[PDB]
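**Student:** Have a look at this one.
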Amino acid sequence: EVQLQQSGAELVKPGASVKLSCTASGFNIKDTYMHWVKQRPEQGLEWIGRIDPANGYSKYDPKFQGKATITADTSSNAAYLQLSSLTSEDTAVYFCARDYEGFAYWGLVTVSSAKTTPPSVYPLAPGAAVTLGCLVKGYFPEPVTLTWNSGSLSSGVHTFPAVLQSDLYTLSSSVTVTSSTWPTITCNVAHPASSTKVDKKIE
Amino acid sequence: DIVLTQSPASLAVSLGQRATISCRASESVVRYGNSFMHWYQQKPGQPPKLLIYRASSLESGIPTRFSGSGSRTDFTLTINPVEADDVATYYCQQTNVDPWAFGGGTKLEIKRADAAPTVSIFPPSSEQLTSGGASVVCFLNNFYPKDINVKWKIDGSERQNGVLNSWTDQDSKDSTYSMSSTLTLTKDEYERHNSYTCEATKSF
Amino acid sequence: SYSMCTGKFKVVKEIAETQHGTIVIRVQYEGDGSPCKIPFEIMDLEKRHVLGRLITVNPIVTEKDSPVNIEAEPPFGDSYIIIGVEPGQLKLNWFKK
């Protein structure tokens with residue numbers, strides 16, 4: 001239908017730049033307004049501004065200026081943006097929207113020192129011969145998609161939060177499957193940043 | 001400059017009661033007769049779906065569960081039939097004045113019959129090449145009270161070591177919470193200690 | 001082909017004020033038909049009968065993912081705007097000097 005689509009992820013050395021991208025799919029960007037919101041760990045939402053494609057004009061929230069600068073164009077592509085002399089707090093997610101009178105349809109950035117390092121996943125299981133799970137530890141860039149079998153081992157899963165020993169991460173996730181007959185299982189973990197999809201079966 | 005003030009910094013409503021949230025703005029936010037008020041719903045690591053505008057709305061067809069309320073810049077919203085998808089921080093917005101902001105928002109929480117926890121404990125899966133072994137993960141899978149401290153009883157005086165935690169917010173389907181704490185050590189203090197106890201309120 | 005649509009509209013851009021006279025509102029439709037009408041009519045404080053000349057041939061719409069432009073004519077002072085079968089009343093005001 002109509003699909004505003006932002007660009008995967010990205011990371012940067014403190015005091016640098018980035019250039020997110022919000023690719024609208026079914027409407028001519030010109031047609032309306034487009035936004036850029038911000039959201040971090042727990043902090044609610046903070047409006048970074050709006051832009052009117054047609055006449056290039058655009059207003060922002062005062063203290064966000066020096067940083068970013070929204071801009072999409074009169075031509076063929078999507079609505080972009082970019083912050084500068086970045087800090088640590090700005091290390092967080094950004095969204096884009098379009099409808100004046102209620103953002104109907106919308107669309108992670110990190111500031112760091114040490115680069116991407118594959119995570120380490122070990123399946124964690126026991127018994128006495130249901131209740132199981134699998135562990136993941138020692139990765140950095142903040143995203144880690146964790147799936148159990150396909151998505152056919154769902155409505156039972158418990159992906160627990162990221163955990164932080166400094167400038168390296170750790171996480172566990174349990175799919176409590178009291179489900180009767182172990183047999184194989186598997187643990188599809190996914191690390192977008194160092195580009196890694198792993199898997200480990202069990203028992 | 002402008003302002004709005006979602007009062008209930010958080011709250012929790014039974015499963016069948018009437019929830020109600022009432023935003024408030026500094027000195028003004030009125031434009032073209034109706035106010036361009038806006039209401040939303042956001043869930044962890046997910047896209048904030050919208051649900052209201054001008055206090056007389058529908059959008060993206062929400063079986064009428066959630067409707068609007070109020071008008072000079074003193075407001076107040078509501079979500080009567082409260083349910084499972086219902087856990088999120090509804091944000092209060094404003095598209096009248098130009099430094100368009102949102103508000104502090106609010107956390108929802110429902111009431112599940114006083115639930116009693118589960119059984120999940122679990123060893124540091126062996127790697128023929130594990131560099132430590134410190135992975136004494138304890139699982140607690142279900143319970144209603146959002147509450148407190150779990151212990152890690154090495155037997156004798158417990159270990160402060162590796163003191164960490166995790167909080168799975170109540171998942172919509174049937175209304176439960178979870179807790180995940182562990183214990184990061186090294187391989188020096190692992191093959192010295194035998195019994196370990198993960199105390200809430202299991203073995204080896 | 002003949003339908004004044006039964007849907008709910010909204011402006012997604014601030015009405016411009018081309019001094020040439022025209023106040024160009026621009027709305028999007030939240031409804032079901034396919035290529036239908038805009039109950040676009042203007043009026044005073046009640047449906048105080050008319051005080052307003054619409055300058056759009058016969059404005060319409062085609063699908064849901066796009067906006068519908070409008071440009072009308074307002075003699076001045078105090079006056080009102082509207083759009084919509086009542087369900088979802090578009091009561092917009094407009095001042096002028």
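Ligands are numbered from 1 in the order shown, residues from 1 within each chain, and chains are lettered A, B, ... in the order they appear in the structure tokens.
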Considering only C-alpha atoms, tabulate each residue of chain A that lies at most 8 Å from chain C along with its nearest interatomic pair and the corresponding distance in Å to one decimal; arrange the rows by chain and ascending residue number and present them as JSON lines.
**Tutor:**
{"residue": "A:1", "atom": "CA", "partner": "C:65", "partner_atom": "CA", "distance": 7.5}
{"residue": "A:2", "atom": "CA", "partner": "C:65", "partner_atom": "CA", "distance": 6.4}
{"residue": "A:26", "atom": "CA", "partner": "C:65", "partner_atom": "CA", "distance": 6.7}
{"residue": "A:27", "atom": "CA", "partner": "C:66", "partner_atom": "CA", "distance": 6.2}
{"residue": "A:31", "atom": "CA", "partner": "C:67", "partner_atom": "CA", "distance": 6.4}
{"residue": "A:32", "atom": "CA", "partner": "C:12", "partner_atom": "CA", "distance": 6.1}
{"residue": "A:33", "atom": "CA", "partner": "C:13", "partner_atom": "CA", "distance": 7.0}
{"residue": "A:99", "atom": "CA", "partner": "C:12", "partner_atom": "CA", "distance": 5.7}
{"residue": "A:100", "atom": "CA", "partner": "C:12", "partner_atom": "CA", "distance": 4.1}
{"residue": "A:101", "atom": "CA", "partner": "C:12", "partner_atom": "CA", "distance": 6.4}
**Student:** For chain A, which residues have at least one atom within 6 Å of chain B, if we go by only C-alpha atoms? Write them as a VMD selection string, please.
**Tutor:** chain A and resid 47 61 102 104 124 160 to 161
**Student:** Would you please extract all strand (DSSP E or B) residues from segment 24-120 of chain B, as assigned by DSSP on the backbone, and give them as a ChimeraX atom specification?
**Tutor:** /B:24-25,37-41,49-53,70,74-75,77-79,89,92-94,107,110,120
**Student:** Can those selected residues be exported to a file as a PDB file, in the first residue's frame so that it contains C-alpha atoms?
**Tutor:**
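Once written, again-v1.pdb looks like this:
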ATOM      1  CA  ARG B  24      -3.352  19.535  30.076  1.00  0.00           C
ATOM      2  CA  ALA B  25      -1.596  22.420  28.188  1.00  0.00           C
ATOM      3  CA  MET B  37      -5.256  17.192  19.609  1.00  0.00           C
ATOM      4  CA  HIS B  38      -3.662  13.801  18.880  1.00  0.00           C
ATOM      5  CA  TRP B  39      -3.506  10.493  20.782  1.00  0.00           C
ATOM      6  CA  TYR B  40      -1.230   7.471  20.313  1.00  0.00           C
ATOM      7  CA  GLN B  41      -0.142   4.038  21.489  1.00  0.00           C
ATOM      8  CA  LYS B  49       0.302   3.353  16.035  1.00  0.00           C
ATOM      9  CA  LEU B  50      -1.980   6.403  16.066  1.00  0.00           C
ATOM     10  CA  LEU B  51      -5.533   6.436  17.357  1.00  0.00           C
ATOM     11  CA  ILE B  52      -7.069   9.897  17.638  1.00  0.00           C
ATOM     12  CA  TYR B  53      -7.219  13.482  16.358  1.00  0.00           C
ATOM     13  CA  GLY B  70     -12.725  17.527  26.077  1.00  0.00           C
ATOM     14  CA  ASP B  74      -7.821  21.492  29.508  1.00  0.00           C
ATOM     15  CA  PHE B  75      -8.351  17.799  28.383  1.00  0.00           C
ATOM     16  CA  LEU B  77      -9.151  10.771  27.428  1.00  0.00           C
ATOM     17  CA  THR B  78     -10.416   7.202  28.028  1.00  0.00           C
ATOM     18  CA  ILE B  79     -10.082   3.461  27.166  1.00  0.00           C
ATOM     19  CA  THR B  89       2.520   4.342  27.093  1.00  0.00           C
ATOM     20  CA  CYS B  92      -0.442  13.126  24.377  1.00  0.00           C
ATOM     21  CA  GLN B  93       0.342  15.403  21.404  1.00  0.00           C
ATOM     22  CA  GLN B  94      -0.447  18.808  19.860  1.00  0.00           C
ATOM     23  CA  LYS B 107       2.424   3.491  31.484  1.00  0.00           C
ATOM     24  CA  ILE B 110      -3.454  -4.562  34.033  1.00  0.00           C
ATOM     25  CA  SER B 120      13.326 -22.306  35.588  1.00  0.00           C
TER      26      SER B 120
END
**Student:** Which residues of chain B come within 9 Å of chain C, and what is each one's closest atom pair and distance in Å (one decimal), counting only C-alpha atoms, sorted by chain and residue number, as a tab-separated table?
**Tutor:**
residue	atom	partner	partner_atom	distance
B:31	CA	C:93	CA	8.8
B:32	CA	C:93	CA	5.2
B:33	CA	C:93	CA	6.1
B:34	CA	C:92	CA	7.5
B:56	CA	C:88	CA	7.6
B:57	CA	C:88	CA	7.9
B:59	CA	C:30	CA	7.7
B:60	CA	C:30	CA	9.0
**Student:** Go ahead and compute the interatomic distance for atom CA of residue 152 of chain B and atom CA of residue 176 of chain A, in Å to one decimal.
**Tutor:** 21.4 Å
**Student:** Near residue 22 of chain C, counting only C-alpha atoms, which residues have an atom at most 6 Å away, once you skip same-chain residues fewer than 5 positions from it, shown as a list in words?
**Tutor:** residues 71, 72 and 73 of chain C
**Student:** Could you please take those selected residues and save C-alpha atoms as a CSV table (one decimal), in the first residue's frame?
**Tutor:**
chain,number,residue,atom,x,y,z
C,71,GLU,CA,-9.3,26.1,-4.0
C,72,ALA,CA,-12.3,28.1,-3.0
C,73,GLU,CA,-13.4,31.8,-2.9
**Student:** Going by DSSP on the backbone, which residues of segment 18-201 of chain A come out as helix (DSSP H, G or I)? List them as a VMD selection string.
**Tutor:** chain A and resid 29 to 31 62 to 64
**Student:** Next, the residues of the selection above should be written as a compact mmCIF listing (two decimals), in the first residue's frame with N, CA, C and O atoms.
**Tutor:**
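Writing the result to out_17.txt gives the following:
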# COMPACT_ATOMS: atom_id res chain seq x y z
N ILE A 29 5.80 12.09 -1.82
CA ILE A 29 6.27 12.87 -0.69
C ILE A 29 5.75 14.30 -0.70
O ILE A 29 5.38 14.83 0.34
N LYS A 30 5.72 14.93 -1.87
CA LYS A 30 5.25 16.30 -1.99
C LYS A 30 3.91 16.51 -1.29
O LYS A 30 3.71 17.46 -0.54
N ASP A 31 3.00 15.58 -1.55
CA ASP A 31 1.65 15.63 -1.01
C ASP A 31 1.42 16.21 0.37
O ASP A 31 0.45 16.92 0.54
N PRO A 62 13.33 24.13 18.82
CA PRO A 62 14.57 24.87 19.05
C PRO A 62 15.90 24.24 19.44
O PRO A 62 16.86 24.36 18.68
N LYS A 63 16.00 23.54 20.55
CA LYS A 63 17.32 23.04 20.89
C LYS A 63 17.89 21.85 20.08
O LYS A 63 18.98 21.35 20.39
N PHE A 64 17.18 21.45 19.03
CA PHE A 64 17.57 20.31 18.18
C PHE A 64 18.27 20.73 16.91
O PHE A 64 18.86 19.92 16.20
**Student:** Leaving out segment 71-81 of chain A and any residue of its chain fewer than 3 positions from it, which residues lie within 8 Å of it when counting only C-alpha atoms, given as an NGL selection string?
**Tutor:** :A and (19-24 or 29-30 or 34 or 51 or 53-54 or 56 or 68)
**Student:** So which residues touch residue 120 of chain A within 6 Å, counting only C-alpha atoms, skipping near sequence neighbours fewer than 4 positions away, as a ChimeraX atom specification?
**Tutor:** /A:136-138
**Student:** Which residues, written as number ranges by chain, have at least one atom at most 9 Å from residue 65 of chain B, with only C-alpha atoms counted and residues fewer than 4 positions away on the same chain left out?
**Tutor:** B: 79-82
**Student:** Any idea what's packed within 7 Å of segment 195-204 of chain B, counting only C-alpha atoms, ignoring anything in its chain fewer than 2 positions away? Could you give it as a PyMOL selection string?
**Tutor:** chain B and resi 121+138+149-155+193
**Student:** Please write the residues from the selection above to a file, keeping N, CA, C and O atoms, as a compact mmCIF listing (two decimals), in the first residue's frame.
**Tutor:**
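Saved result, part18.txt, follows:
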# COMPACT_ATOMS: atom_id res chain seq x y z
N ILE B 121 15.68 -22.70 36.12
CA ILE B 121 16.97 -22.54 36.82
C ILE B 121 17.81 -22.93 35.67
O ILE B 121 17.23 -23.39 34.78
N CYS B 138 19.08 -17.81 35.86
CA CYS B 138 17.88 -18.28 36.51
C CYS B 138 16.66 -17.73 35.78
O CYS B 138 16.61 -16.55 35.42
N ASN B 149 13.07 -8.42 44.85
CA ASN B 149 14.41 -9.01 44.84
C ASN B 149 14.62 -10.48 44.96
O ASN B 149 14.13 -11.13 45.87
N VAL B 150 15.40 -11.01 44.04
CA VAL B 150 15.68 -12.43 44.03
C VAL B 150 17.11 -12.64 44.51
O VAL B 150 17.96 -11.77 44.30
N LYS B 151 17.37 -13.78 45.14
CA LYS B 151 18.71 -14.06 45.62
C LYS B 151 19.45 -15.16 44.90
O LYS B 151 18.86 -16.02 44.24
N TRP B 152 20.76 -15.12 45.05
CA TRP B 152 21.61 -16.08 44.40
C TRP B 152 22.47 -16.70 45.45
O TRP B 152 23.61 -16.30 45.65
N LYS B 153 21.90 -17.69 46.12
CA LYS B 153 22.59 -18.37 47.21
C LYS B 153 23.61 -19.48 46.99
O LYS B 153 23.27 -20.66 47.02
N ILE B 154 24.86 -19.07 46.78
CA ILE B 154 25.98 -20.00 46.70
C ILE B 154 25.70 -20.63 48.07
O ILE B 154 25.29 -19.86 48.96
N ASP B 155 25.86 -21.94 48.33
CA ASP B 155 25.57 -22.25 49.73
C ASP B 155 26.68 -22.08 50.74
O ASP B 155 27.78 -22.66 50.74
N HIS B 193 33.25 -24.01 43.55
CA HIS B 193 31.94 -24.01 44.22
C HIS B 193 30.97 -25.07 43.65
O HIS B 193 30.80 -25.13 42.43
